[PDB]
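First the structure, in the form of structure tokens, and then the observations on it.
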Amino acid sequence: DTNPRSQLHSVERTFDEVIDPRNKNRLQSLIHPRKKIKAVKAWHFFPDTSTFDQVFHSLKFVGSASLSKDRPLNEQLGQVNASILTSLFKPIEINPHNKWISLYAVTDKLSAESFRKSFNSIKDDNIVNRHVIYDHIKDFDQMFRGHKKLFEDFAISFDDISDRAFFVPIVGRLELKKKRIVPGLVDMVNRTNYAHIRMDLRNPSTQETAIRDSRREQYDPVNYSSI
Amino acid sequence: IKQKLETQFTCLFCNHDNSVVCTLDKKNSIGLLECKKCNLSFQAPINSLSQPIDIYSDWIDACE
Amino acid sequence: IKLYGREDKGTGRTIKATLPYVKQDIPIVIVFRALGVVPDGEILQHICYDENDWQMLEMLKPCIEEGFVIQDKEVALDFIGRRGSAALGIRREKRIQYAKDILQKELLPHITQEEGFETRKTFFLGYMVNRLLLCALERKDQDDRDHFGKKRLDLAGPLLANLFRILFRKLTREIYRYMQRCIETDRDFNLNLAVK
Amino acid sequence: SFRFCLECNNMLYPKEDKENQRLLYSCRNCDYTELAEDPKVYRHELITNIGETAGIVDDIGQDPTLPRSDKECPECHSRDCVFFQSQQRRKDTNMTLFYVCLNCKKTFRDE
Amino acid sequence: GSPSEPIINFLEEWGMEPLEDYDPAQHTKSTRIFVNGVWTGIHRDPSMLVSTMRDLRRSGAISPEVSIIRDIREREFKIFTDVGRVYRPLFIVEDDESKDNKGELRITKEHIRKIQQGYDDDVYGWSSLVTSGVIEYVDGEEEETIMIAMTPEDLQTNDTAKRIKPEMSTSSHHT
Amino acid sequence: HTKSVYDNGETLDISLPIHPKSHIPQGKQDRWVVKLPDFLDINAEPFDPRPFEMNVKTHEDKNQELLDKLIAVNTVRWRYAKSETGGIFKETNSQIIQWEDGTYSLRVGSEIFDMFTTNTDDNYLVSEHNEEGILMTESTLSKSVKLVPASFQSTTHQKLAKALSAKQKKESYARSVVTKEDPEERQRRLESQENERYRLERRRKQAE
Amino acid sequence: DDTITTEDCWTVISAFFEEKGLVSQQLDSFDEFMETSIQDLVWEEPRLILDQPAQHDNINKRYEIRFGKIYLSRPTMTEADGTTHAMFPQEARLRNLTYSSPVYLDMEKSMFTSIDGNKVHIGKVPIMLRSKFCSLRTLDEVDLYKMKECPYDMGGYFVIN
Amino acid sequence: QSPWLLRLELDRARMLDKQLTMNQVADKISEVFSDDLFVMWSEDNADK
Amino acid sequence: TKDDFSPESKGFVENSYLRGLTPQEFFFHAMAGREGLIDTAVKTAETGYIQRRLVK
Ligand SMILES: [Zn+2]
Ligand SMILES: [Zn+2]
Ligand SMILES: [Zn+2]
């Protein structure tokens, strides 16, 4: 079946044999080849259109840098916590040899909850000016490994109401380890990071939105091509 | 107990070689490099695992 | 990886590792920090796999106590480089680079050679230390030297390969020397005369 | 099992407060200090038994080279069991057998 | 001697997870995996993995001289593709409990008659026997983990001249 | 009490542009990171049958051609499907199936690949903002998922086994050749010419 | 089915010896060495590099030579008069020759310059008898007698002098 | 005196087998260490 | 099987030379004979050295 016509025919055959998630009878017809177990639920597998412009990195804590292991840190930031779900990271590099990552979070639970609700409910064109102040928590040493292929890793998100599953590409993996600051460099350390960072929520500019749409035009041109 | 050892290091002021003697005192945690010709003395702290190479490297770093 | 200290002798039972192109033995905690794992909890995670095994922990205690003096990656690399049997008087930056060279390469070369790929070396050091302690605690019999499953036989292939590698390196050196001698004339050497 | 500093990850060493007459565990690279719960600072066993029955795995019943017996399991009361002698192999080790059933995997002896 | 890249590919395909995704506290029961003496990863269900690798080797997908060893006591699963390992062939006994042919030699008179003829009924030699899953090579390290019968007569349960076979009464049953 | 190092209070008034999301997770901001196997590929681009048919490549190497065919037929794709009512809908050839035991499987066509999930803690997903040099978190990666073929009899597994078995069979680097003359003839003739020009050069230099 | 007797075991062993032989390990090892090992040994160090920052006008010239394919040939005898002909082991034994074959290497020379080559003969490798590169691998049974070679000879050895 | 307590448990079986007395062990320790260590020993009727 | 201390599992040849040895007994007996040969070939040199020293 090396014939290009055969490959194309296989492609349309695979496309046509997709099982309707609402079809309970056809879903029960499908049986696991080895487990011999009926199917219960199904989800469509689709890519995500609004997120391809952004760049996604899998961030992990290595060893003692675990937030669960750091009991005082967890107690201060809350024993899922919205503060963790709204944290900010600031990579700063003095020189090629010296590098670290700065972590910021919202200490107040009410402010973090309001910010998380506003961020997760962005489906309209009205955003309130939430001047949220982020407080520094800790710094970690960082190393990065890049993926040779574009879609080497992909994260899967679900949507039960639409019976879909949206996946997003992962560009690289960032690892963080606990770093003990040398006592002889605290003078420059105090001049590197900041005690607070203020985030202001504003609607994206028209030019930046057009740039992001042009970037997304590679994936979906039917709904985003410039005219 | 102070330990006196003859070392083959090179003095950076007189340029004579094989005229360096390392004196380390583990009791007071100190190490002295003295030039047998220049009579210059270099003092640096030492640890439990310190060796004459450690004091020599410390002297090299101090020199530059 | 030698385990010093006899039964009820030699005070602590320190563990000193031996590295290639290094004149003196080095305690295991120092080399672990040199690879880039400075906290002690992470090192214990790398070595042991059961926190209830207090015997191996108390065996490891003297090593941690001895290596407590070094508490950073760069200082550990400098300590490794100082004894690296290289030229005397090497600057601190060049000493650290020499240590990185001798640590990435020539240290368990069969595992890897590329940069940023040293976690596997740390895990293998943990495995070796685990095996050493496990046999020291008499929990397992020492590996049988006569076990025929641990032997290999070199047939005509490997023997001829070794000999040919030696001879071809000799031929390459001869070509190099002839090229250096003959470039002085700036002539278009046939390259059919350089070879012997 | 010994603890470590929760912010420095280094080993915590026991310490005594002269003014308070209390045992504490203090890190050496940091000022962190935590109260000690147990008074057993150090313990050394001259004669030990650990490593005798601890050598158990869940899938030891998949080894074909192990003999199969018919001893009665206290838990499952199965008719099939696998037995082996002590994993600890000191020169003065006893030759007692440890029997493992295929369902509950409980280790027991015929003593 | 064989390249180890296909072995690593198969191991990664069949669920082995690399070292950077490993934490000793978390995977307190996983099995280490060695390939040619280097620790390459960990696995949580070594039984199905060793079954799959052995079946692949018997089907000819993996080179028959590749050594597959499982050390259940030490929780290790070693693989060797090195050069210079002395091996020898052995018959294969069907040890699957779910199979009706349990406890019997896989080779049958059909294979013998095919060998005698010299061809299959839609060249049939020793290599065909090895790749058809009736004979396999084992080295000195894989022999540690197998139970061998001396003769096909040993596979099933008063003369002064004939010799005496071992009683082997210590084991209630053999597999 | 490790006193806080930073007490300057300096603050940045940076405002980040955020775009509305086509979908929103419900009940939990959880995502599963899945490693992509070699036999499975993702084609985010909409399926274009004519370029696909016109760009099929044929190679002499049977193993490479079979691997390419397998990855192409197993690649996850999508295309625009014209609805019977005249509208346009996104149609995909890939689905996720959950069995009665609770396990999940990735399905492409008739092929089914099982999912092996390992729980991972302190693993999160972030969004990179390179122009501002800061990282904005997105959600939490709770589980790492591996994709495994369902059974031996699966066509994908058999094709992979065939490709890998025949890949290591082909090994012949040295190329044979026929010698018609003495292999040492070139060296001796060139040495003779070199000695001749040495003599000529010595004479010229003595005459120069 | 039917039971397997001892005679069937001997049938299987006969099949084994029909395919493998008694000295198969020597021949297999040598075939592996000749087919792939020599090329990899050459490619272990595939570059010889010389550089020169000529100021005698900064002209940095790099002279680099690369090693290419390995070409092997059947064993050949070169007489004193100059004629070359195929060599068979019996002639080597009778005349105290060495049963070896030439090895040819491709060398490519490059002249890198920044202002700021064919099959060369490297040696002769002795050939193991009855291996893949021996002249007796072919020739069937009848021609083996014309070459004064015993059909019972199994190979697996070299002929040096 | 120091608060640091140093105690050790003697195997009753071998202690009986060697026909030794707790008082004898305490006396030996006292003789080898004079009065530098305060020593208390459990009675023979104790469980351990 | 593992952990088998029966007489036939640790080198007790039950048969006689007339009756013939089973393969396991054959291998164990070969091991013992090899030990005998090695012991002779090693002790001869030590005894020779001892006698030379005594004579001198
Ligand atoms: Zn001087
Ligand atoms: Zn600390
Ligand atoms: Zn049971």
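As given, the protein sequences belong to chains A, B, C, D, E, F, G, H and I, one line each in that order. Residues 156 to 234, 243 to 390 (the deposited numbering) make up the first sequence, in order. The deposited numbering puts the first residue of the second sequence at 15, with every later residue one more than the last. The deposited numbering puts the first residue of the third sequence at 247, with every later residue one more than the last. The deposited numbering puts the first residue of the fourth sequence at 3, with every later residue one more than the last. Residues 541 to 662, 675 to 709, 720 to 737 (the deposited numbering) make up the fifth sequence, in order. The deposited numbering puts the first residue of the sixth sequence at 75, with every later residue one more than the last. Residues 9 to 64, 69 to 128, 153 to 197 (the deposited numbering) make up the seventh sequence, in order. The deposited numbering puts the first residue of the eighth sequence at 1190, with every later residue one more than the last. The deposited numbering puts the first residue of the ninth sequence at 789, with every later residue one more than the last. Don't be surprised by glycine CBs; every beta carbon is placed ideally from N, CA and C.
Only residues of its own chain outside the window of five on either side were considered, and among them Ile289 have a CB closer than 6 Å to the CB of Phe278 (chain C), listed in chain order. Residue ranges of uninterrupted alpha helix (DSSP H) with 4 or more members, entirely inside the segment 77–159 of chain F and ordered along the chain, are 123–128 and 136–148. Per DSSP, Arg415 (chain C) has no beta-bridge partner at all. Contact check for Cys36 (chain B) against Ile67 (chain B) fails: the beta carbons are separated by 7 Å or more. Pairing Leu364 (chain A) with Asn289 (chain A) gives a Cβ-Cβ distance that is not under 7 Å. The C-beta separation of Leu349 (chain C) from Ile247 (chain C) comes to about 16 Å, leaving the pair out of contact by the 8 Å criterion. One finds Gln291, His292, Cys294 and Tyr295 in chain C with Cβ atoms closer than 8 Å to the Cβ of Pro564 (chain E), taken in chain order. Residue pairing by DSSP places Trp1230 (chain H) in no beta bridge whatsoever. Across the set A:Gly309, A:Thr206 and A:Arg361, the C-alpha of A:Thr206 shows the shortest separation from the C-alpha of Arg375 (chain A). Taken through DSSP and simplified to helix, strand or coil, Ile290 (chain A) comes out as coil. The set of residues with a C-beta under 6 Å from any non-hydrogen atom of ligand 2 comprises D:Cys7, D:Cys10, D:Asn12, D:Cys29, D:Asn31 and D:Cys32, given in chain order.
The shortest C-alpha to C-alpha distance from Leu681 (chain E) to any of E:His583, E:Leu551 and E:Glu650 is the one to E:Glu650.
Considering only E:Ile652, E:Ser684, E:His736 and E:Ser731, the residue with the shortest C-alpha distance to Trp18 (chain G) is E:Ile652. For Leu439 (chain C), the C-beta contacts it makes with chain F under 7 Å involve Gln261, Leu264, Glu265 and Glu268, in order along the chain. Those residues of the segment 360–392 of chain C placed with their C-beta closer than 8 Å to a C-beta in chain B do not exist. For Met302 (chain C), the enclosing alpha helix (DSSP H) stretches over residues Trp300 to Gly313.
In the DSSP assignment, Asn197 (chain F) is bridged to A:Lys215. Not flagged as an interface residue toward chain A: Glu134 (chain F), since no C-beta distance is shorter than 7 Å. When 7 Å is used as the limit between beta carbons, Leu8 (chain D) is near these residues of chain A: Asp225, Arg226 and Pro227, in chain order. When DSSP states are grouped into helix, strand and coil, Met119 (chain G) belongs to the strand group.
When secondary structure is reduced to three states using DSSP, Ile324 (chain A) falls in the coil class, being assigned neither helix nor strand. According to the DSSP assignment, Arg55 (chain G) belongs to the beta strand (DSSP E) that extends over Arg55 to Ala62. Relative to ligand 3, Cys83 (chain D) has its C-beta separated by 6 Å or more from all heavy atoms. Annotation for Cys77 (chain B) indicates a beta carbon at 6 Å or more from all heavy atoms of ligand 1.
When CB distances to chain G are screened at a threshold of 8 Å, the residues of the segment 395–421 of chain C falling below it are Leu401, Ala402, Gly403, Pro404, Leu406, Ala407, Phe410, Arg411, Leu413, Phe414, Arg415, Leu417, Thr418 and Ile421, in chain order. The alpha-carbon of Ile170 (chain F) is positioned some 13 Å away from that of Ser325 (chain A). For a cut-off of 8 Å, the C-beta gap from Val31 (chain G) to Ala104 (chain G) is around 19 Å, too long to register as a contact. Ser219 (chain A) belongs to the set of residues whose beta carbon lies under 7 Å from a beta carbon in chain C.
Residue-level contact check: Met13 (chain D) touches chain C, since one or more beta carbons of chain C fall below 7 Å from its beta carbon. Ranked by Cα distance from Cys103 (chain D), the options D:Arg45, D:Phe86 and D:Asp40 are led by D:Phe86.
Under the DSSP assignment, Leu825 (chain I) falls in the alpha helix (DSSP H) whose first and last residues are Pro811 to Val843.
Distances taken from the Cβ of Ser80 (chain D) to the heavy atoms of ligand 3 include one shorter than 6 Å. Here DSSP, grouped into helix, strand and coil, assigns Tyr70 (chain B) to helix. For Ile357 (chain C), the chain E residues whose C-beta falls within less than 7 Å of its own C-beta are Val578, listed in chain order. Beta-bridge analysis with DSSP links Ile171 (chain F) to A:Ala197 and F:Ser179.
At a beta-carbon threshold of 7 Å, the residues of chain G lying near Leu645 (chain E) are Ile12, ordered along the chain.
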